[PDB]
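# Report on the structure
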2 protein chains.
Amino acid sequence: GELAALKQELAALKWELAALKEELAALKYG
Amino acid sequence: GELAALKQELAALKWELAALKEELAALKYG
Ligand code: NA
Ligand code: NA
Ligand code: NA
Ligand code: NA
Ligand code: NA
């Protein structure tokens with residue numbers, strides 16, 4: 001339970017992070 | 001210890017997300 005829950009939360013956040021870093025990259029260099 | 005490691009990574013990532021949104025905000029307004 002706790003481990004599963006936390007890995008789902010981690011996963012979600014890393015998708016958001018990935019997206020945001022790509023958007024930042026775009027804005028700084030284009 | 002997988003749980004320990006993941007709680008540290010979660011913490012870090014929430015700070016990184018916050019930081020990046022503030023950088024995006026900054027760049028929109030110069
Ligand atoms: Na568990
Ligand atoms: Na939990
Ligand atoms: Na642990
Ligand atoms: Na945490
Ligand atoms: Na806790």
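Residues numbered from 1 in each chain as written, not as in the entry; some residues may be left out. Chains lettered and ligands numbered in written order. Heavy atoms only, no water. Residues with missing side-chain atoms left out of burial classes, pairs and counts.

For this coordinate set, the PDB header names X-ray crystallography as the determination method and states a resolution of 2.1000 Å.

Under its PDB header, the title given for this structure is "A dimeric de novo coiled-coil assembly: PK-2 (CC-TypeN-LaUbUcLd)".

### Observations regarding the environment of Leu17(B)
Mapped onto the elements, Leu17(B) comes out in helix 1 (residues 2–28). Between the C-alpha atom of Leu17(B) and that of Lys28(B), which follows or precedes it by 11 residues, the distance is 17 Å. What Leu17(B) contacts, discounting residues up to four positions off in sequence, is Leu13(A), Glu16(A), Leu17(A) and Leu20(A). (Helix = DSSP H or I, 4+ residues; strand = E, 2+ residues; numbered from the N terminus. Contact = heavy atoms within 4.5 Å.)

### Focus on the relation of the copies chain B and chain A
The operation relating chain B to chain A is a screw motion whose rotation component is 179°, with 0.9 Å of axial translation and a residual RMSD of 1.3 Å. Classification of the inter-copy transformation places it as that of a two-fold axis. A symmetric contact is evident, with 100% of the interface residues of chain B recurring at the interface of chain A. (Least-squares fit on C-alpha atoms.)

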